[PDB]
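Chains as they are written, first to last, in the authors' numbering: chain A, 51 to 100; chain C, 51 to 100; chain B, 1 to 400. Ideal Cβ positions, reconstructed from N, Cα and C, are used throughout, including at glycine.
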Amino acid sequence: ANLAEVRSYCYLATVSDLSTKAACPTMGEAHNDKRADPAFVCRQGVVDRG
Amino acid sequence: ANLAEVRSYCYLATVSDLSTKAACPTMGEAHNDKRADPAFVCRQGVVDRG
Amino acid sequence: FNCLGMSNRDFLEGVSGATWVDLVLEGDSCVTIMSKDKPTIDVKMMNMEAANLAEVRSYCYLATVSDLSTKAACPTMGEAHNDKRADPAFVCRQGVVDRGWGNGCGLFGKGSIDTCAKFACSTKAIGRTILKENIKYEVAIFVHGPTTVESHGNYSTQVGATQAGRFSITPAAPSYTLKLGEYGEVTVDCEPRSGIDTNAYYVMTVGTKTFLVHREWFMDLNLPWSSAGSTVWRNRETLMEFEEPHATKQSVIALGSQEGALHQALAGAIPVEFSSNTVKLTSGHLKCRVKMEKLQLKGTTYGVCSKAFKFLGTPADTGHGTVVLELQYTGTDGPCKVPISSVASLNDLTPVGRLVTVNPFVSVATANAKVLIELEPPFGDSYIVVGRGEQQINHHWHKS
């Protein structure tokens with residue numbers, strides 16, 4: 051006769067919006083505009099093409 | 051008689067601005083607002099106090 | 001200037017029936033000392049300064065690799081002597097070039113060559129020495145007399161209360177007798193001796209970040225250098241010149257300056273703050289003997305506080321096996337002893353927790369005064385208690 055939070059693990063939803071910034075071979079890496087704000091989570095990879 | 055960049059290692063300057071988001075014992079972790087944008091590089095630690 | 005809150009703290013109980021204690025102080029560390037029937041105190045080394053260093057060497061990272069020269073000599077005409085060999089104005093080095101008719105010479109074969117480049121320095125990675133009479137120490141002594149969370153760290157207040165002091169120690173006079181009013185006095189005999197780390201280490205200076213390096217790693221390194229003169233030797237680091245050229249021009253590429261060579265050997269040498277003329281030793285230590293048969297209690301002829309006592313918050317862990325906390329006295333009466341102890345279980349008769357803040361007591365007669373207290377409770381659960389009977393309050397605690 052007053053607790054306080056410390057952490058917060060989630061189980062989640064929003065995995066709806068997508069993005070795929072493409073870069074041709076030897077054209078370097080790809081930078082997705084959705085990298086300016088935590089609006090989205092980005093991750094790079096490479097694709098066999100031509 | 052057409053090269054392209056690949057990487058770019060730096061030797062650096064800007065290590066001028068500072069920040070220290072404080073959190074009291076049992077009050078959990080500290081979140082610095084300078085964590086929203088790569089404006090700064092943040093790293094957590096703990097200090098003996100009271 | 002006192003120990004509370006520092007991570008480099010050590011608690012001591014000199015000896016049995018000892019009026020003195022032998023101790024060791026170092027840079028950012030502090031020490032709390034306890035002694036039967038006597039106030040607790042904190043000896044702490046504040047600063048290490050030279051109030052007179054001297055340079056020893058000076059490795060450079062460089063510029064001037066601009067001017068050129070190429071004294072040519074035809075085959076069988078012997079060697080080539082460049083006039084730029086009279087003064088260290090330039091660094092010369094001979095070589096030979098395959099030639100003949102093709103390029104103005106009469107016979108065919110190897111011709112002499114002796115070119116030269118200039119040399120001056122830019123960024124001097126200077127370094128110096130540290131003689132074991134200019135060394136002065138600054139020791140600060142605190143007295144665990146009455147305090148509050150507030151006043152505990154205020155040097156001012158404390159000095160005012162004659163519960164603190166800051167004196168210096170020198171090889172000239174390695175001791176001192178700090179007087180603390182009615183608390184008598186403490187007399188240290190610190191012995192400037194230290195290793196600590198032996199002067200054996202050099203004083204490395206690099207741009208802004210000073211460091212302490214090993215005589216050899218330093219001295220036995222590969223880079224241009226100069227003692228105390230404008231004259232430089234081993235400037236051979238003006239390398240990668242010998243494109244093994246023509247008599248016309250011998251490319252004298254300035255060797256790329258890679259601060260990595262230095263940086264890489266960072267961790268090895270300890271870092272240290274250094275002002276133009278000073279080197280605060282943290283590297284350094286000091287063996288002292290805290291004689292204190294002249295250290296004495298106070299307010300021992302007062303009666304026990306008899307009025308309610310309230311906690312002002314959950315005690316805190318110092319990280320040293322002791323806890324801190326601050327009381328408030330409802331009491332209207334004046335300077336009385338604070339009845340606080342550590343009990344293993346409610347209403348036990350004999351205490352179990354030793355108080356760091358020995359013989360505590362409400363400093364003023366002004367009711368509702370605050371009292372800071374640091375005490376080491378027993379391991380496992382225990383109870384802190386203040387007052388007795390139905391006045392008595394308590395708060396549980398569990399050490400690990």
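Terminal residues of the beta strand (DSSP E) in which residue i lies
i	result
B:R9	9-13
B:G195	No beta strand (DSSP E) contains B:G195, which DSSP labels as neither H nor E.
B:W397	393-399
B:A54	54-61
B:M292	Unbroken run through B:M292: none, as it is neither H nor E.
B:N47	38-50
B:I141	135-143
B:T205	201-206
Per DSSP, cross-strand counterpart(s) of residue i
i	result
B:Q328	B:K310, B:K370
A:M77	According to DSSP, which records beta bridges pairwise, A:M77 is partnered with nothing at all.
B:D67	BP columns for B:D67 are empty, so no partner.
B:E376	B:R354
B:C121	Partner(s): none; B:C121 has no beta bridge.
B:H285	B:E26
B:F211	B:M204, B:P271
8 Å Cβ shell around residue i - same chain, five flanking residues per side excluded
i	result
C:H81	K71
C:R85	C92
B:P88	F119, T231, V232
B:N277	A50, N52, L53
B:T330	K307, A308, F309, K310, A367, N368
B:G5	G153, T318
A:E79	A73, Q94
B:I113	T70, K71, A72, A73, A80, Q94, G95, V96, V97, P245, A247, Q250
B:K132	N199
Cα-Cα separation between residue i and residue j, rounded to whole angstroms
i	j	result
B:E241	A:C74	42 Å
A:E55	C:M77	8 Å
B:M48	B:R166	13 Å
B:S363	A:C60	53 Å
B:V43	B:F1	8 Å
B:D10	B:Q328	28 Å
B:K399	B:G299	31 Å
B:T147	B:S29	22 Å
B:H396	B:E374	15 Å
B:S227	B:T40	51 Å
C:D67	C:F90	8 Å
B:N199	B:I340	49 Å
B:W20	B:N222	52 Å
B:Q296	B:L180	9 Å
B:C336	B:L178	27 Å
DSSP three-state assignment for residue i, whether helix, strand or coil
i	result
B:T187	strand
B:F1	coil
B:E237	helix
B:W225	strand
B:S156	helix
A:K84	helix
B:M6	coil
B:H246	coil
B:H263	helix
C:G95	coil
B:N103	helix
B:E182	helix
B:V272	coil
B:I126	strand
B:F108	coil
residue 426 of chain B	It is not possible to answer for residue 426 of chain B, since the shown part of chain B is limited to 1 through 400.
B:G165	strand
B:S341	strand
A:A72	coil
B:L131	coil
B:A316	strand
B:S257	coil
B:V364	coil
B:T32	strand
Same chain, Cβ closer than 6 Å to residue i, five either side skipped, listed in chain order
i	result
B:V149	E326, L372
B:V352	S342, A344, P378
B:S257	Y61
B:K370	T148, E326, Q328
B:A117	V65, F90, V91, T238, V252
B:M46	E138, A140
B:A173	none
B:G145	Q163
Boundaries of the alpha helix (DSSP H) in which residue i is found, first to last residue
i	result
B:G299	Taken as a continuous stretch (DSSP letters only), B:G299 belongs to no alpha helix (DSSP H), as it is neither H nor E.
B:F218	215-219
Near the ligand NAP: residue i beta-carbon under 7 Å from a heavy atom
i	result
B:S363	Among the ligands in the structure shown, none appear at all, so the ligand NAP cannot be discussed.
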